[PDB]
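> Dumping the structure here so I can ask a few things about it.
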Amino acid sequence: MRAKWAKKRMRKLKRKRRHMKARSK
Amino acid sequence: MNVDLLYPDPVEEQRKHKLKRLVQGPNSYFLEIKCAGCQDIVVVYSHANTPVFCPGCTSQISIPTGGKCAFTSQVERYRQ
Amino acid sequence: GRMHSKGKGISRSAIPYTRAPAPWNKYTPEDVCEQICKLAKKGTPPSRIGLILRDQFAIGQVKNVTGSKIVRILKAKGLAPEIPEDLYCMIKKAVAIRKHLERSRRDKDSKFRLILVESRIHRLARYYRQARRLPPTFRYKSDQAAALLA
Amino acid sequence: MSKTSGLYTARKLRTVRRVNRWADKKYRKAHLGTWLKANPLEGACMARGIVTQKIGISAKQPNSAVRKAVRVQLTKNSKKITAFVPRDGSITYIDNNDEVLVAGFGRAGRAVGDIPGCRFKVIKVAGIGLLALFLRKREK
Amino acid sequence: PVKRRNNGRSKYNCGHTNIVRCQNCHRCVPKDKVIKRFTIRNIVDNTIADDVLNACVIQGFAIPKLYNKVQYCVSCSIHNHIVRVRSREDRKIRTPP
Amino acid sequence: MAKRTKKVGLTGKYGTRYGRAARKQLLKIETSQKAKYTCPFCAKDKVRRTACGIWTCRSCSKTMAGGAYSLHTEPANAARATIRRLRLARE
Amino acid sequence: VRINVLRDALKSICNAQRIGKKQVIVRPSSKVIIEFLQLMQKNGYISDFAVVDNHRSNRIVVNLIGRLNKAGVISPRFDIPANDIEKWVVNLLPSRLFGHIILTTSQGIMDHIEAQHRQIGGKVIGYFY
RNA sequence: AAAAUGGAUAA
RNA sequence: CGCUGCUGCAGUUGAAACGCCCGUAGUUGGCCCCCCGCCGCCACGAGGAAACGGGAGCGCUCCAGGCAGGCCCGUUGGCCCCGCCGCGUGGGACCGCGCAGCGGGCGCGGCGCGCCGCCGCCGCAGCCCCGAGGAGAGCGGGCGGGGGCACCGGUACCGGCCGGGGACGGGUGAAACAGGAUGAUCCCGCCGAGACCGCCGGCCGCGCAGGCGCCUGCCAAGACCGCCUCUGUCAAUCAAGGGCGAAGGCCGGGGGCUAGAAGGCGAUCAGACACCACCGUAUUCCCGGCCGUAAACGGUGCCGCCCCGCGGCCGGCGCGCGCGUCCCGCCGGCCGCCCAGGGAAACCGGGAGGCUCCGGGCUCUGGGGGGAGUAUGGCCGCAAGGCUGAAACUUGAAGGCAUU
């Protein structure tokens, strides 16, 4: 799996983005 | 054999499905049965899927079948 | 091809090309017309009468031996079911499924058959309502199906 | 299937092309209006600028050369753009903090050939034509 | 490209088949992509053909025979040579050899 | 109407306090006590919970022991089903 | 649902004449499919026709002298302006010299030549060559 | 059973 | 630039049929009933600003021009175009929408007709198309790993035994870690537990898909076929909406055998924290919930119809033969080869054929390759995330099937 690993990497960035937004909001 | 659809051999129409005929219509017909007191015609539906009863009797003349209905007594062909 | 399944079959009943009254041994018109009405007082459904002459009497299609369809002959004597036969037959079946489902909410295939059986009722009743066969006030309700049935 | 083969499906047909039409990249850049805002030159054929610093951009790996470029600051919208001084020995004429004209490279804003990071050209330096100062017709 | 029309499985009209495991790999391949070759053999090796029957006291005793289906995975089979890589023309022919 | 958009209907009394999950079980184990159940003898939906496990047909006036929050509890409709078969086994 | 009786029926005629099939069968018949055939027989593209009046959908018999290429229906049946009947002719006709586009006009089912002789316009039914 | 690598640029 | 596809796009693999079903908007719809209204329509009009487009003539020296000019039509300078879903007259094909009795008299209805009447007045044949190889139904006949609920056996594995009884036992590629004189491994009689339903198990079947295989009992259900049953267009396909949807996840109860995300561990190599062993929590299992995804695949939407031979299977259903679980088949499927024919080809051919000789209908979806399913704005979800969905910016190829 190489494209699914890219999708997993995006989902983790998307999840870190939502925790970061919460800290600054 | 230069037969055309306008006049198809009777057996061809009789072999094909009753809707896929150049002239569509009934596959079934009326076939007689014999009963007590009767040497005459006792017509019944050929493909009866329901019980027909001995005229003036309790017992059922034709056995139920998805196809042509079968019988347990003496019977007479088509119309006579 | 089936309204609620991907089935394209063609199992159909047939009517004769020569549209003329039975030469096997047909009865008198007024007598057959009265005979169909007499069997409807015993409650025989319209399909069942058309079937009964076909095995019990001499012709399957009453219109050729008589002058008109089984329900038009019955209707003059007021024997046309108030709810048209087609709707009523499906409404009967829907209630039986509702009973099976009452005991167990587990069955899913049956729930698919209810969301299909009752869909047809709404469509056919809707056809009947504009045609005036069914009054505008009448409408199918799933909870009230048994009450409509009787 | 284009379908919608109905005498009374003109409404559907009219919109289906209007909606799908924007997908075409050329049409989308053309009428979305995103580029009319984005274009540093504002869609003008050419725009004035002040020279900020001469820069060297190495060309693509197949063609190895130090392209010479100038970073210019558009007077109209204060955007810092990179222009390529054209021809040979042109940079010697260009001076820092000097007015300049900048025009498209002709691919419609896209980079032309092997210059990395460059989308515009320097038509005039301090009013006098760049070509003129190169053809000698008008000197410094 | 579609190397084979069956797409590598015999799954037809179902959309699902019960899944078993390679005797060797233990890889799970649906029943349709499974080698499955039936095996019937004498329990002692045929090398001990009648040496056992001559040793056997009971009269007319036949050497027991195993009747087991061996279900291998596609990957395990090609490397254990149960089936080879056939040619484009060769693939269509069936006729168990 | 639409007094409570979410199913926090019965639990709308507790109010802001208590927690989402903690109120969530209550919506099923409080809808249970309040709702009427069928008198087995009368076949009328009037049985309510007089006290934990004491359940009385309001119309019938009989009293039947039942599960704490529902007249018929899940483990007991299995046990009763078992004792019907096992009695028949003797006879 | 058989949405158009004429299209399938015209495809079936053409299909028979690629397999030769001197005798051809059309199963669902409408008045228009008879009017198209008389227009074709009068032109001579097809030799003759008949319909077995079974008391249901009346099946149609088609006889083709075998000289037929493409016969298709134009639906959506756009009404054509009398002046620009030719623009439809450019797309659907092999050579301005030969071919036929049957239109429906009040005077009665009429071909492309008759329409421009009367300078009249009508909904395109189909092209027969 | 164990084996990783190979500049750019033309040829 | 048929690179926008109404003419005239592409969606099997290049980019793209939503997993499926139900379905209201829309949008599309058999056949039939000459001879009238309202359409739409069909043609012709009338009346709508010139310029402008064209367009007749006329040598500004040609011309781009212009309405001029000449011993000239009252000399000219015309003319066709403002498109105009507007407004008239005509014509009835296709195409929709038409429930409803007709008639004579009294009526020359207070300068001719009308309306609402007024009755039997015996005048009129008074008034039921047909039954879609469209459906909705009805009965029969069998078919099925189709669904629910119980009931429910069988070994296997694992844990606990008892009688042995005697030494290493696993484990692998080779080993190593664990178990053993607390008697291991091994057998054999048990016992407890939960899973799982082998072989039969398939070019089998059934389901709307996802999927579906112990024993009996129990309910409801479904196509297909048969059909001298019933209505009588009730149809198609879909926004929006409603249901279902593997696996993994998650919530609250339970369970708990086996595998086994994590975690530890051994070997493994440069390093492997990977692969191979060994141990093992979540999970697997169950019941009520969410979630809403898949290489949800035939990467092929849905109904409709014609389309060539050889087949296999399967479910009814017939006709003759000797009378068979025969032979020819008739329909609904499941499939293999493929005649045309198509396509860049691989190859589909029960379509991916009947297309540049393009037009049965309904729906979705794409427009070079990255950025990008990204950002944001929602909405739904307990979450994990799902659905809708950017741009700036970059780059010349990315990519399909083939041949060497």
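By order in the structure tokens, chains are A, B, ...; within a chain, residues start at 1; ligands start at 1, following the order shown.
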Pick out the residues sitting within 8 Å of residue 46 of chain B, and hand them over as a list in words; count only C-alpha atoms (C1' of nucleotides), and ignore anything fewer than 2 positions along from it in its own chain.
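Counting only the stated atoms, we get residues 28, 29, 30, 31, 44, 48, 68 and 69 of chain B.
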> So that I can check the surroundings of residue 80 of chain G, please list as a PyMOL selection string every protein, DNA and RNA residue that reaches within 12 Å of it, counting only C-alpha atoms (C1' of nucleotides) and ignoring chain neighbours fewer than 5 positions away.
(chain G and resi 74+85-89+101-105+112+115-116+119-125) or (chain I and resi 41-42)
> Grab the residues selected above and save them as a PDB file, in the first residue's frame with C-alpha atoms (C1' of nucleotides).

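To be explicit, this is the file written out as again-v6.pdb:
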ATOM      1  CA  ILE G  74     -34.827  11.522 -36.049  1.00  0.00           C
ATOM      2  CA  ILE G  85     -34.958  22.237 -44.484  1.00  0.00           C
ATOM      3  CA  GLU G  86     -31.592  21.991 -46.352  1.00  0.00           C
ATOM      4  CA  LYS G  87     -29.398  22.305 -43.195  1.00  0.00           C
ATOM      5  CA  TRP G  88     -30.941  19.040 -41.910  1.00  0.00           C
ATOM      6  CA  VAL G  89     -30.511  17.652 -45.498  1.00  0.00           C
ATOM      7  CA  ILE G 101     -36.279  12.908 -45.257  1.00  0.00           C
ATOM      8  CA  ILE G 102     -39.929  12.249 -44.279  1.00  0.00           C
ATOM      9  CA  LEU G 103     -41.481  15.211 -42.448  1.00  0.00           C
ATOM     10  CA  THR G 104     -44.962  15.604 -40.928  1.00  0.00           C
ATOM     11  CA  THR G 105     -46.938  18.566 -42.389  1.00  0.00           C
ATOM     12  CA  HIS G 112     -38.167  16.454 -48.398  1.00  0.00           C
ATOM     13  CA  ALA G 115     -41.970  19.996 -48.808  1.00  0.00           C
ATOM     14  CA  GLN G 116     -39.696  22.407 -50.733  1.00  0.00           C
ATOM     15  CA  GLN G 119     -42.173  25.564 -49.518  1.00  0.00           C
ATOM     16  CA  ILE G 120     -43.552  23.980 -46.295  1.00  0.00           C
ATOM     17  CA  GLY G 121     -41.869  22.812 -43.049  1.00  0.00           C
ATOM     18  CA  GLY G 122     -42.569  19.996 -40.577  1.00  0.00           C
ATOM     19  CA  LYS G 123     -41.255  17.837 -37.704  1.00  0.00           C
ATOM     20  CA  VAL G 124     -38.509  15.439 -38.947  1.00  0.00           C
ATOM     21  CA  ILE G 125     -39.642  11.814 -38.586  1.00  0.00           C
TER      22      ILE G 125
ATOM     23  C1'   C I  41     -47.382  23.881 -34.748  1.00  0.00           C
ATOM     24  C1'   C I  42     -47.449  24.659 -40.390  1.00  0.00           C
TER      25        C I  42
END
> Can you check which residues of chain F DSSP gives as strand (DSSP E or B) on the backbone and send them as a list in words?
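The residues of chain F classed as strand (DSSP E or B) are residues 37, 47, 48, 49, 50, 51, 54, 55, 56, 57, 63, 64 and 65 of chain F.
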> Kindly provide, as a PDB file with N, CA, C and O atoms (P, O5', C5', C4', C3', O3' and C1' of nucleotides), in the first residue's frame, the residues of chain I having any atom no farther than 10 Å from an atom of chain D, counting only C-alpha atoms (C1' of nucleotides).

ATOM      1  P     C I   3     -12.876  17.927 -29.096  1.00  0.00           P
ATOM      2  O5'   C I   3     -13.235  19.233 -28.259  1.00  0.00           O
ATOM      3  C5'   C I   3     -13.273  19.190 -26.824  1.00  0.00           C
ATOM      4  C4'   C I   3     -12.340  20.225 -26.259  1.00  0.00           C
ATOM      5  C3'   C I   3     -12.161  21.463 -27.119  1.00  0.00           C
ATOM      6  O3'   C I   3     -13.122  22.444 -26.772  1.00  0.00           O
ATOM      7  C1'   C I   3     -10.063  20.708 -26.257  1.00  0.00           C
ATOM      8  P     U I   4     -14.392  22.669 -27.699  1.00  0.00           P
ATOM      9  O5'   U I   4     -15.486  21.730 -27.025  1.00  0.00           O
ATOM     10  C5'   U I   4     -16.761  21.512 -27.653  1.00  0.00           C
ATOM     11  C4'   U I   4     -17.883  21.817 -26.691  1.00  0.00           C
ATOM     12  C3'   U I   4     -18.070  23.292 -26.344  1.00  0.00           C
ATOM     13  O3'   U I   4     -19.442  23.633 -26.151  1.00  0.00           O
ATOM     14  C1'   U I   4     -17.683  22.068 -24.376  1.00  0.00           C
ATOM     15  P     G I   5     -20.566  23.289 -27.255  1.00  0.00           P
ATOM     16  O5'   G I   5     -21.048  21.806 -26.875  1.00  0.00           O
ATOM     17  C5'   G I   5     -22.150  21.235 -27.608  1.00  0.00           C
ATOM     18  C4'   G I   5     -21.788  19.835 -28.031  1.00  0.00           C
ATOM     19  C3'   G I   5     -22.272  18.707 -27.116  1.00  0.00           C
ATOM     20  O3'   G I   5     -23.577  18.286 -27.486  1.00  0.00           O
ATOM     21  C1'   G I   5     -20.060  18.312 -28.008  1.00  0.00           C
ATOM     22  P     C I   6     -24.813  18.541 -26.505  1.00  0.00           P
ATOM     23  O5'   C I   6     -26.069  18.347 -27.461  1.00  0.00           O
ATOM     24  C5'   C I   6     -27.361  18.847 -27.087  1.00  0.00           C
ATOM     25  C4'   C I   6     -28.172  19.147 -28.323  1.00  0.00           C
ATOM     26  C3'   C I   6     -27.546  18.692 -29.630  1.00  0.00           C
ATOM     27  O3'   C I   6     -27.937  17.349 -29.917  1.00  0.00           O
ATOM     28  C1'   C I   6     -28.186  20.960 -29.811  1.00  0.00           C
ATOM     29  P     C I   9     -22.190  13.504 -29.504  1.00  0.00           P
ATOM     30  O5'   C I   9     -20.726  13.113 -29.019  1.00  0.00           O
ATOM     31  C5'   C I   9     -19.584  13.683 -29.684  1.00  0.00           C
ATOM     32  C4'   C I   9     -18.404  13.728 -28.750  1.00  0.00           C
ATOM     33  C3'   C I   9     -18.200  12.478 -27.914  1.00  0.00           C
ATOM     34  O3'   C I   9     -17.424  11.536 -28.629  1.00  0.00           O
ATOM     35  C1'   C I   9     -17.985  14.408 -26.552  1.00  0.00           C
ATOM     36  P     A I  10     -17.709   9.990 -28.439  1.00  0.00           P
ATOM     37  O5'   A I  10     -17.155   9.706 -26.975  1.00  0.00           O
ATOM     38  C5'   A I  10     -15.749   9.549 -26.752  1.00  0.00           C
ATOM     39  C4'   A I  10     -15.439   9.622 -25.280  1.00  0.00           C
ATOM     40  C3'   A I  10     -16.088   8.563 -24.400  1.00  0.00           C
ATOM     41  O3'   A I  10     -15.429   7.307 -24.435  1.00  0.00           O
ATOM     42  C1'   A I  10     -16.222  10.660 -23.336  1.00  0.00           C
ATOM     43  P     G I  11     -16.240   5.988 -24.061  1.00  0.00           P
ATOM     44  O5'   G I  11     -16.429   6.080 -22.464  1.00  0.00           O
ATOM     45  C5'   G I  11     -15.309   5.722 -21.625  1.00  0.00           C
ATOM     46  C4'   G I  11     -15.647   5.990 -20.180  1.00  0.00           C
ATOM     47  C3'   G I  11     -16.677   5.070 -19.521  1.00  0.00           C
ATOM     48  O3'   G I  11     -16.208   3.755 -19.229  1.00  0.00           O
ATOM     49  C1'   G I  11     -17.054   7.307 -18.873  1.00  0.00           C
ATOM     50  P     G I  26     -43.182  19.063 -11.213  1.00  0.00           P
ATOM     51  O5'   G I  26     -42.418  17.972 -12.119  1.00  0.00           O
ATOM     52  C5'   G I  26     -42.026  18.328 -13.465  1.00  0.00           C
ATOM     53  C4'   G I  26     -40.573  18.732 -13.471  1.00  0.00           C
ATOM     54  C3'   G I  26     -39.792  18.364 -14.735  1.00  0.00           C
ATOM     55  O3'   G I  26     -39.641  19.531 -15.531  1.00  0.00           O
ATOM     56  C1'   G I  26     -38.768  17.367 -12.824  1.00  0.00           C
ATOM     57  P     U I  27     -40.224  19.591 -17.035  1.00  0.00           P
ATOM     58  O5'   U I  27     -39.573  18.325 -17.747  1.00  0.00           O
ATOM     59  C5'   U I  27     -38.205  18.361 -18.184  1.00  0.00           C
ATOM     60  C4'   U I  27     -37.719  16.976 -18.518  1.00  0.00           C
ATOM     61  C3'   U I  27     -38.597  16.158 -19.448  1.00  0.00           C
ATOM     62  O3'   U I  27     -38.562  16.490 -20.838  1.00  0.00           O
ATOM     63  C1'   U I  27     -37.917  14.802 -17.663  1.00  0.00           C
ATOM     64  P     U I  28     -39.838  16.170 -21.787  1.00  0.00           P
ATOM     65  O5'   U I  28     -39.903  14.583 -21.831  1.00  0.00           O
ATOM     66  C5'   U I  28     -38.973  13.859 -22.643  1.00  0.00           C
ATOM     67  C4'   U I  28     -39.058  12.398 -22.310  1.00  0.00           C
ATOM     68  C3'   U I  28     -40.251  11.678 -22.895  1.00  0.00           C
ATOM     69  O3'   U I  28     -40.078  11.365 -24.266  1.00  0.00           O
ATOM     70  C1'   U I  28     -39.912  10.991 -20.653  1.00  0.00           C
ATOM     71  P     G I 359     -26.922   7.559 -33.377  1.00  0.00           P
ATOM     72  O5'   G I 359     -27.478   8.555 -32.244  1.00  0.00           O
ATOM     73  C5'   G I 359     -28.082   9.800 -32.666  1.00  0.00           C
ATOM     74  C4'   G I 359     -29.415   9.979 -31.983  1.00  0.00           C
ATOM     75  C3'   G I 359     -30.621   9.319 -32.662  1.00  0.00           C
ATOM     76  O3'   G I 359     -31.629   8.977 -31.718  1.00  0.00           O
ATOM     77  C1'   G I 359     -30.837  11.669 -32.774  1.00  0.00           C
ATOM     78  P     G I 360     -31.567   7.581 -30.929  1.00  0.00           P
ATOM     79  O5'   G I 360     -32.956   7.532 -30.103  1.00  0.00           O
ATOM     80  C5'   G I 360     -34.126   6.963 -30.743  1.00  0.00           C
ATOM     81  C4'   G I 360     -35.219   6.738 -29.726  1.00  0.00           C
ATOM     82  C3'   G I 360     -35.024   7.385 -28.355  1.00  0.00           C
ATOM     83  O3'   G I 360     -35.428   8.744 -28.364  1.00  0.00           O
ATOM     84  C1'   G I 360     -35.718   5.151 -28.074  1.00  0.00           C
ATOM     85  P     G I 361     -34.596   9.818 -27.544  1.00  0.00           P
ATOM     86  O5'   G I 361     -34.982   9.527 -26.009  1.00  0.00           O
ATOM     87  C5'   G I 361     -36.150  10.176 -25.454  1.00  0.00           C
ATOM     88  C4'   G I 361     -36.512   9.522 -24.144  1.00  0.00           C
ATOM     89  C3'   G I 361     -35.631   9.871 -22.942  1.00  0.00           C
ATOM     90  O3'   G I 361     -35.995  11.097 -22.325  1.00  0.00           O
ATOM     91  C1'   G I 361     -36.015   7.536 -23.012  1.00  0.00           C
ATOM     92  P     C I 362     -34.860  12.108 -21.853  1.00  0.00           P
ATOM     93  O5'   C I 362     -34.726  11.807 -20.298  1.00  0.00           O
ATOM     94  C5'   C I 362     -35.877  11.450 -19.517  1.00  0.00           C
ATOM     95  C4'   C I 362     -35.444  10.778 -18.240  1.00  0.00           C
ATOM     96  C3'   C I 362     -34.086  11.190 -17.704  1.00  0.00           C
ATOM     97  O3'   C I 362     -34.130  12.379 -16.932  1.00  0.00           O
ATOM     98  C1'   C I 362     -34.256   8.841 -17.658  1.00  0.00           C
ATOM     99  P     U I 363     -32.862  13.342 -16.897  1.00  0.00           P
ATOM    100  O5'   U I 363     -31.891  12.629 -15.857  1.00  0.00           O
ATOM    101  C5'   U I 363     -32.262  12.491 -14.473  1.00  0.00           C
ATOM    102  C4'   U I 363     -31.341  11.516 -13.783  1.00  0.00           C
ATOM    103  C3'   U I 363     -29.880  11.920 -13.739  1.00  0.00           C
ATOM    104  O3'   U I 363     -29.596  12.821 -12.681  1.00  0.00           O
ATOM    105  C1'   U I 363     -30.039   9.664 -14.405  1.00  0.00           C
ATOM    106  P     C I 364     -28.533  14.020 -12.868  1.00  0.00           P
ATOM    107  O5'   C I 364     -27.140  13.324 -12.551  1.00  0.00           O
ATOM    108  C5'   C I 364     -26.733  13.084 -11.195  1.00  0.00           C
ATOM    109  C4'   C I 364     -25.643  12.046 -11.173  1.00  0.00           C
ATOM    110  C3'   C I 364     -24.280  12.534 -11.634  1.00  0.00           C
ATOM    111  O3'   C I 364     -23.526  13.055 -10.548  1.00  0.00           O
ATOM    112  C1'   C I 364     -24.814  10.472 -12.693  1.00  0.00           C
ATOM    113  P     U I 365     -22.838  14.492 -10.671  1.00  0.00           P
ATOM    114  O5'   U I 365     -21.340  14.146 -11.078  1.00  0.00           O
ATOM    115  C5'   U I 365     -20.738  12.896 -10.698  1.00  0.00           C
ATOM    116  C4'   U I 365     -19.792  12.440 -11.776  1.00  0.00           C
ATOM    117  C3'   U I 365     -19.130  13.558 -12.555  1.00  0.00           C
ATOM    118  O3'   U I 365     -17.986  14.012 -11.858  1.00  0.00           O
ATOM    119  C1'   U I 365     -19.820  11.812 -14.017  1.00  0.00           C
ATOM    120  P     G I 366     -17.485  15.499 -12.067  1.00  0.00           P
ATOM    121  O5'   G I 366     -16.392  15.377 -13.244  1.00  0.00           O
ATOM    122  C5'   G I 366     -15.135  14.713 -12.963  1.00  0.00           C
ATOM    123  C4'   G I 366     -14.490  14.316 -14.266  1.00  0.00           C
ATOM    124  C3'   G I 366     -14.025  15.473 -15.151  1.00  0.00           C
ATOM    125  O3'   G I 366     -12.691  15.826 -14.818  1.00  0.00           O
ATOM    126  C1'   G I 366     -15.179  13.816 -16.443  1.00  0.00           C
ATOM    127  P     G I 367     -12.280  17.352 -14.476  1.00  0.00           P
ATOM    128  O5'   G I 367     -11.119  17.691 -15.535  1.00  0.00           O
ATOM    129  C5'   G I 367     -10.645  16.638 -16.408  1.00  0.00           C
ATOM    130  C4'   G I 367     -10.595  17.155 -17.824  1.00  0.00           C
ATOM    131  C3'   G I 367     -10.489  18.681 -17.977  1.00  0.00           C
ATOM    132  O3'   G I 367      -9.318  19.060 -18.684  1.00  0.00           O
ATOM    133  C1'   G I 367     -12.041  17.752 -19.502  1.00  0.00           C
ATOM    134  P     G I 368      -7.972  19.349 -17.888  1.00  0.00           P
ATOM    135  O5'   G I 368      -7.126  17.998 -18.070  1.00  0.00           O
ATOM    136  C5'   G I 368      -6.967  17.455 -19.398  1.00  0.00           C
ATOM    137  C4'   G I 368      -5.600  16.833 -19.500  1.00  0.00           C
ATOM    138  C3'   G I 368      -4.859  16.625 -18.177  1.00  0.00           C
ATOM    139  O3'   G I 368      -5.273  15.445 -17.500  1.00  0.00           O
ATOM    140  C1'   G I 368      -3.434  17.710 -19.677  1.00  0.00           C
ATOM    141  P     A I 391     -11.039  25.933  -8.435  1.00  0.00           P
ATOM    142  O5'   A I 391      -9.827  26.843  -7.954  1.00  0.00           O
ATOM    143  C5'   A I 391      -9.591  28.121  -8.562  1.00  0.00           C
ATOM    144  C4'   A I 391      -9.075  29.093  -7.535  1.00  0.00           C
ATOM    145  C3'   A I 391      -7.587  29.405  -7.625  1.00  0.00           C
ATOM    146  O3'   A I 391      -7.356  30.427  -8.599  1.00  0.00           O
ATOM    147  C1'   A I 391      -8.130  28.856  -5.398  1.00  0.00           C
ATOM    148  P     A I 392      -6.182  30.294  -9.704  1.00  0.00           P
ATOM    149  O5'   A I 392      -4.897  30.811  -8.923  1.00  0.00           O
ATOM    150  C5'   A I 392      -4.827  32.177  -8.498  1.00  0.00           C
ATOM    151  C4'   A I 392      -3.961  32.296  -7.273  1.00  0.00           C
ATOM    152  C3'   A I 392      -2.488  31.972  -7.474  1.00  0.00           C
ATOM    153  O3'   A I 392      -1.748  33.033  -8.073  1.00  0.00           O
ATOM    154  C1'   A I 392      -3.252  30.871  -5.550  1.00  0.00           C
ATOM    155  P     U I 394       4.259  30.042 -10.523  1.00  0.00           P
ATOM    156  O5'   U I 394       4.514  28.554 -11.021  1.00  0.00           O
ATOM    157  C5'   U I 394       5.649  27.838 -10.528  1.00  0.00           C
ATOM    158  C4'   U I 394       5.340  26.371 -10.425  1.00  0.00           C
ATOM    159  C3'   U I 394       5.612  25.563 -11.673  1.00  0.00           C
ATOM    160  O3'   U I 394       7.007  25.296 -11.848  1.00  0.00           O
ATOM    161  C1'   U I 394       3.560  24.886 -10.695  1.00  0.00           C
ATOM    162  P     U I 395       7.790  25.614 -13.241  1.00  0.00           P
ATOM    163  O5'   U I 395       7.553  24.296 -14.102  1.00  0.00           O
ATOM    164  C5'   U I 395       8.000  23.017 -13.623  1.00  0.00           C
ATOM    165  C4'   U I 395       7.171  21.926 -14.247  1.00  0.00           C
ATOM    166  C3'   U I 395       7.201  21.902 -15.764  1.00  0.00           C
ATOM    167  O3'   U I 395       8.248  21.053 -16.202  1.00  0.00           O
ATOM    168  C1'   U I 395       4.960  21.711 -14.972  1.00  0.00           C
TER     169        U I 395
END
> So which residues touch segment 6-9 of chain F within 12 Å, counting only C-alpha atoms (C1' of nucleotides), skipping near sequence neighbours fewer than 2 positions away, as JSON, numbers by chain?
{"F": [2, 3, 4, 11, 12, 13, 14, 15, 16, 19, 20, 21, 22, 23, 24, 25, 26, 27, 28, 30, 31]}
> Quick one: residues within 7 Å of segment 124-126 of chain C, only C-alpha atoms (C1' of nucleotides), excluding same-chain residues fewer than 6 positions away - as a list in words?
residues 87 and 134 of chain C; 234 of chain I
> Taking a cut-off of 8 Å and counting only C-alpha atoms, can you build a table that, for each residue of chain C near chain B, reports the nearest atom pair and how far apart they are in Å (one decimal), sorted by chain then residue number, as a tab-separated table?

residue	atom	partner	partner_atom	distance
C:13	CA	B:26	CA	7.9
C:14	CA	B:26	CA	5.0
C:15	CA	B:25	CA	5.7
C:16	CA	B:25	CA	5.2
C:17	CA	B:25	CA	6.0
C:24	CA	B:79	CA	7.4
C:54	CA	B:45	CA	5.9
C:55	CA	B:45	CA	4.4
C:56	CA	B:52	CA	6.2
C:57	CA	B:44	CA	7.4
C:58	CA	B:44	CA	7.5
> Emit the selected residues as a compact mmCIF listing (two decimals), in the first residue's frame, including N, CA and C atoms.

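Printed below is selection_6.txt as written:
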# COMPACT_ATOMS: atom_id res chain seq x y z
N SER C 13 -51.25 -14.83 -19.37
CA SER C 13 -52.46 -15.58 -19.78
C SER C 13 -52.81 -15.15 -21.21
N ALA C 14 -53.73 -15.87 -21.87
CA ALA C 14 -54.01 -15.56 -23.29
C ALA C 14 -55.51 -15.42 -23.57
N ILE C 15 -55.87 -14.74 -24.66
CA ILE C 15 -57.30 -14.53 -25.06
C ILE C 15 -57.34 -14.94 -26.53
N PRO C 16 -58.42 -15.57 -27.05
CA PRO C 16 -58.49 -15.91 -28.48
C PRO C 16 -58.47 -14.83 -29.57
N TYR C 17 -57.83 -15.12 -30.71
CA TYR C 17 -57.80 -14.18 -31.86
C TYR C 17 -59.23 -13.95 -32.36
N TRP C 24 -68.20 -24.30 -27.51
CA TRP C 24 -68.13 -25.61 -26.80
C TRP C 24 -69.47 -25.98 -26.17
N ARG C 54 -63.92 -20.61 -16.05
CA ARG C 54 -62.87 -21.24 -16.89
C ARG C 54 -62.76 -22.74 -16.54
N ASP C 55 -62.83 -23.13 -15.27
CA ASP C 55 -62.81 -24.58 -14.96
C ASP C 55 -64.22 -25.13 -14.78
N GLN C 56 -65.06 -24.48 -13.97
CA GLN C 56 -66.44 -24.98 -13.70
C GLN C 56 -67.37 -24.85 -14.91
N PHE C 57 -67.25 -23.78 -15.72
CA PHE C 57 -68.24 -23.57 -16.82
C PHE C 57 -67.65 -23.80 -18.21
N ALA C 58 -67.68 -22.78 -19.07
CA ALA C 58 -67.28 -23.02 -20.48
C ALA C 58 -66.36 -21.96 -21.10
> Which of chain F end up as helix (DSSP H, G or I) when DSSP is run on this backbone - answer as number ranges by chain?
F: 10-12, 20-34, 74-90
> Residues of chain A within 12 Å of chain I, using only C-alpha atoms (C1' of nucleotides), as a list in words?
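Taken together, these residues fit the definition: residues 7, 8, 10, 11, 12, 13, 14, 15 and 17 of chain A.
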> For residue 42 of chain E, list every protein, DNA or RNA residue within 10 Å, evaluated using only C-alpha atoms (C1' of nucleotides), and leave out those in the same chain fewer than 2 positions away; present the list as a list in words.
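Within the cut-off, the hits are residues 40, 44, 45, 46, 48, 49, 62, 63, 64, 65, 66 and 67 of chain E.
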